[PDB]
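Participant: Protein chains in written order, with PDB author numbering: chain F, 158 to 261; chain E, 315 to 366. Heads up, the beta-carbon is just placed ideally off N, CA and C, and yes, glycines get one too. Here it is: the structure, laid out below.
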Amino acid sequence: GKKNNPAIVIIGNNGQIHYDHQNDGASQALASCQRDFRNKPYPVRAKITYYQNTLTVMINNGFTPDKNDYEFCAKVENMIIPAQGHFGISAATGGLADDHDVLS
Amino acid sequence: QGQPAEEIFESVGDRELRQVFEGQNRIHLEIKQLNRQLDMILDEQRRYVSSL
């Protein structure tokens with residue numbers, strides 16, 4: 158109810174933090190950028206950059222056909238992750254309906 | 315809580331121009347940054363002219 162969403166939320170968990178979606182995880186939110194990403198004329202592109210233990214997020218809006226028009230919105234530093242880990246993508250659809258389609 | 319059904323319905327042409335309207339909002343923040351950037355430039359040289 159805080160009008161944060163649509164937003165991109167960075168949350169890093171060690172396995173002991175329960176993700177509460179009722180606040181949309183604003184309590185355990187390490188960093189966030191309040192940006193709409195639905196209904197774009199061009200597909201949305203994002204740059205996720207973990208380098209020197211900082212996790213930098215740069216986003217292309219999808220309002221342009223340019224691929225490289227990435228814009229910074231949020232990041233964290235001294236980020237801790239299992240250096241051996243699995244990359245994964247996942248999406249959910251609730252009562253309201255979205256098509257979550259990943260081109261590349 | 316309840317959920318109305320008006321939120322679901324849309325016309326595509328209007329939603330396209332809504333994206334155009336959202337595209338115009340980028341220029342607004344761009345203008346707002348440009349104004350404040352011009353405002354701080356004017357003030358600092360005003361101190362710099364007086365200090366000189």
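For a cutoff of 9 Å on Cβ pairs, would you count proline 163 of chain F as touching chain E?
Facilitator: For the purposes of this step, residue 163 of chain F is identified with residue 6 of the first sequence, where counting begins at 1. So, not an interface residue.
Participant: Who are the neighbours of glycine 252 of chain F on chain E, taking C-beta pairs under 9 Å?
Facilitator: Here residue 252 of chain F refers to the residue found at position 95 when the first sequence is read from its first residue. Ordered by position in chain E, the residues that pass the 9 Å Cβ test against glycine 252 of chain F are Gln317.
Participant: Is there at least one Cβ from chain E nearer than 9 Å to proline 198 of chain F's Cβ?
Facilitator: Against the first sequence, residue 198 of chain F aligns to sequence position 41. With 9 Å as the cut-off, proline 198 of chain F counts as an interface residue toward chain E.
Participant: Answer with buried or exposed for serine 189 of chain F, where buried requires no fewer than 16 other C-beta atoms within 10 angstroms of its C-beta.
Facilitator: Indexing the first sequence from 1 puts residue 189 of chain F at position 32. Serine 189 of chain F counts as buried, since at least 16 other C-beta atoms from the protein chains shown sit within 10 angstroms of its C-beta.
Participant: Can you tell me which of the three DSSP states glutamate 336 of chain E falls into?
Facilitator: Counting from 1 along the second sequence, the entry for residue 336 of chain E is found at position 22. Of the three classes helix, strand and coil, the one that applies to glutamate 336 of chain E here is helix, per DSSP.
Participant: Which residues in chain F sit within 8 Å of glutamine 333 of chain E, going by Cβ to Cβ distance?
Facilitator: Taking the second sequence and counting its residues from 1, one reaches residue 333 of chain E at position 19. Neighbours of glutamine 333 of chain E on chain F, chain order: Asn196, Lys197, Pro198, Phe220.
Participant: Based on Cα-Cα distance, which residue from F:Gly172, F:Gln185, F:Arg192 lies nearest to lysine 160 of chain F?
Facilitator: Translated into the one-based positions of the first sequence, residue 160 of chain F becomes position 3. Of F:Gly172, F:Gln185, F:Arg192, the residue nearest in Cα terms is F:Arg192.
Participant: Helix, strand or coil: how does DSSP classify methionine 354 of chain E here?
Facilitator: Residue mapping note: residue 354 of chain E aligns to position 40 of the second sequence, counting from 1. In the displayed model, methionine 354 of chain E falls within a helix according to three-state DSSP.
Participant: Exposed or buried, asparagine 218 of chain F, counting other C-beta atoms within 10 Å across all chains shown (16 or more means buried)?
Facilitator: Position 61 of the first sequence, counted from the start, is the residue given in the question as residue 218 of chain F. Flag for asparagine 218 of chain F reads buried.
Participant: Have a look at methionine 236 of chain F and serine 261 of chain F and give me their C-alpha separation to the nearest angstrom.
Facilitator: On the first sequence, position 79 is the one that residue 236 of chain F refers to. On the first sequence, position 104 is the one that residue 261 of chain F refers to. Answer to the nearest angstrom: the Cα atoms are 26 Å apart.
Participant: Determine which residues share a DSSP beta bridge with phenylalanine 229 of chain F and list them.
Facilitator: The sequence position of residue 229 of chain F within the first sequence is 72, counting from 1. In the DSSP output, where bridge partners are listed per residue, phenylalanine 229 of chain F has F:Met215.
Participant: Identify, in the order they occur along the chain, each residue of the same chain with its Cβ nearer than 6 Å to the Cβ of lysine 346 of chain E, setting aside the five sequence neighbours on each side.
Facilitator: If you number the second sequence from 1, residue 346 of chain E lands on position 32. None.
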